[PDB]
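# Survey of secondary and tertiary structure
Residue strings, one per chain:
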Number of protein chains: 2
Amino acid sequence: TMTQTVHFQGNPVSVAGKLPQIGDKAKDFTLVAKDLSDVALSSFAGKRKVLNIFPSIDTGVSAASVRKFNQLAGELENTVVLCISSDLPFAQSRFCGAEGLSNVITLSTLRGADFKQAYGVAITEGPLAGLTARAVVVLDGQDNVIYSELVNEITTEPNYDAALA
Amino acid sequence: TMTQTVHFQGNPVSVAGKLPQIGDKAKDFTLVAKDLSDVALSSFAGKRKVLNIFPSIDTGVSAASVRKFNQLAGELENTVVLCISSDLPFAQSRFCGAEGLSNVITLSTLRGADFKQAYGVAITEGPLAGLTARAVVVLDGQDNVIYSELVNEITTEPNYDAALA
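Residues numbered from 1 in each chain as written, not as in the entry; some residues may be left out. Chains lettered and ligands numbered in written order. Heavy atoms only, no water. Residues with missing side-chain atoms left out of burial classes, pairs and counts.

As stated in the entry header, the method of structure determination is X-ray crystallography and the reported resolution is 2.55 Å.

Here you go:
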């Protein structure tokens, strides 16, 4: 079993598996949409993917990342932004409905919990155990990894400008 | 494996296990609190428990039940109301913080997913799969079941007045 290390403020927390690095082929996942429908990664074939992985959408830092990726989604070409978290579809829907975000597509780990182990983002120990770590993974049309970032510390935002290819 | 049957509007959905009926001894569970601390059922020993189990706190019907149980919690004697759902602690905290509910204690199935199987409330199939069914379980000081209700249909509220002993 592979082990990664991130932190909250300054507290080492173990992450199961490893984030798919450059050149690797990302595993096909199936997650719950806003209308409780199972949406797979294979449905976005031919289109570029930006996977925004965060602990919870109700937290302060992660709420800013969804709003940021929503605004730059209109600037992107042939790209769909997929906000993935441990939140339920209802918690993700009430946020996007109140903030007026329509460009992003929310995905829930309610069904498809194996996503955490396949992408190496599952938090093993601590108070954040069971949640997903802060990560940004950029994919092409054929699910090949072009960009992948595992943010060393949870409180700081991932790099949005470097995610561009 | 035992199988129970409830529905959404009029669509039969299978529930794994069975709700602990009258006379049975309820299993000890450990769930996540609002401050990300693991709180067990053994911590409320000597006190009477009212377990409010619902799919999601962001849904319309379940939001009314939490508000109802919060108002009658001040009327109850030696009783703690535990709102249990598949929601994250952050989604439960933002609701109670905005509505001004303080009498209820929110518990998350983020850690302690075995609660669903032990109490027989896990939804097996359909769009609501992975979530908890609508149930109200009343316990005494020694975790013995005094009242238990599995609401036949999700959209209708559980009986609050009959839950009193």
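### What to know about the sheet that holds strand β8 (residues 122-123) of chain A
Our working definition: One bridge is not enough; two strands pair if DSSP finds at least two bridges between them. Counting from the N terminus, the helices are the DSSP runs of H or I reaching at least four residues and the strands are the DSSP runs of E reaching at least two.
Taken together, the 3 strands give an open sheet; going across it, the order is β1-β2-β8 (chain A), and neighbouring strands pair in antiparallel fashion. Strands at the two margins of the open sheet, each flanked by one partner only, are β1 (3-7) and β8 of chain A.

### A look at the relation of the copies chain A and chain B
Short version of the rule: Between copies, superposition is a least-squares fit restricted to the C-alpha atoms. Working rule for contacts: check all heavy atoms of both residues, and any pair within 4.5 Å makes them a contact.
For the pair chain A and chain B, the relating rotation is 180°, the translation along its axis is 0.0 Å, and the fit reaches an RMSD of 0.0 Å. Read as a symmetry element, the transformation amounts to a two-fold axis. Comparing interface residues between copies, 100% of those in chain A also sit at the interface in chain B, which points to an isologous, same-surface contact.

### Considerations on the side chain of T106 of chain B
Residue and element names in this part refer to chain B. Selection rule: The buried label applies to any residue whose accessible area, calculated with a 1.4 Å probe on protein chains only, is under 20% of its type's maximum; exposed applies above 50%, and partly exposed to all values in between.
Locating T106 in the fold gives a position in strand β7 (residues 105-108). Residue classification places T106 among the buried positions, given a relative accessible area of 6%. Those residues in contact with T106 that sit more than four places away from it in its chain are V32, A33, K34, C83, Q92 and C96.

### Looking at unusual backbone geometry
Residues and elements named next belong to chain A. Within the chain, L36 stands out as a residue other than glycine whose phi angle is a positive 60°. Position of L36 relative to the elements: it lies in the loop between β3 (30-32) and β4 (38-40). Phi is positive for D143, which is not a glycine, with a value near 65°. Following the sequence through the fold, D143 ends up in the loop between β9 (135-139) and β10 (145-150).

### Here we look at helix α2 (residues 89-99) of chain B
Of all the residues in α2 of chain B, the buried ones are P89, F90, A91, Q92, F95 and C96 of chain B. Buried-residue contacts for α2 of chain B involve α2 (89-99) of chain A together with β3 (30-32), α1 (60-72), β6 (79-85) and β7 of chain B. Positive backbone phi, at 80°, marks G100 of chain B, one or two positions downstream of α2 of chain B.

### Details of the sheet that holds strand β1 (residues 3-7) of chain B
Residue and element names in this part refer to chain B. What the 3 strands build is an open sheet, ordered β1-β2-β8; its pairing is antiparallel. The sheet is open, and its two edges are formed by β1 and β8 (122-123), each paired on a single side. Note: β1 against strand β2 (residues 12-16), 5 bridges, orientation antiparallel. Of the residues in β2, the one forming a bridge with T3 is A16.

### Observations regarding the interface of chain A and chain B
Using the following cut-off: What gets called buried area is simply the loss in accessible area from a 1.4 Å probe that two parts show on being joined, summed for both. Salt bridges are identified by distance alone: a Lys or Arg side-chain nitrogen within 4 Å of an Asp or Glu carboxyl oxygen. Polar contact is defined as a pair of N or O atoms within 3.5 Å, subject to the rule that within protein one atom must be able to donate a hydrogen and the other to accept it, and that residues adjacent in sequence are counted only when both atoms are side-chain atoms. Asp, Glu, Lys and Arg are counted as charged, while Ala, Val, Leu, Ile, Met, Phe, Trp, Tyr, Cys and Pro are counted as nonpolar; the rest, among them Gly, fall into the polar class.
Contacts between the two partners involve 19 residues from chain A, matched on the other side by 19 residues from chain B. Counting the surface lost from both chain A and chain B, the interface buries some 1500 Å², and carbon and sulfur atoms represent 69% of this. Taken together, the connections running from chain A to chain B amount to 0 salt bridges. At the boundary of chain A and chain B, one finds 4 residue pairs in polar contact. The residue makeup of the side of chain A that touches chain B, split by class, is 10 nonpolar, 5 polar and 4 charged.

### Concerning the pairing of strand β5 (residues 48-54) of chain B
Every regular strand shows the same layout, with side chains that alternate between the two sheet faces. Residue and element names in this part refer to chain B. Rules: Convention used here: a crossover is right-handed provided that the path from the first strand, over the helix, to the second strand proceeds clockwise when the strands point away from the viewer.
Here β5 lies mainly inside the structure; 6 of its 7 residues are buried. In the sheet, β5 pairs with β6 via 7 bridges, with the strands oriented parallel. Across the sheet, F54 pairs through a bridge with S85, a residue of β6. A crossover connection joins β5 to the parallel β6 through α1; in handedness this β-α-β unit is right-handed. In this sheet, strand β9 (residues 135-139) lies alongside β5 in antiparallel orientation, the contact comprising 5 bridges. Within β9, the position partnered with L51 by the bridge is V137.

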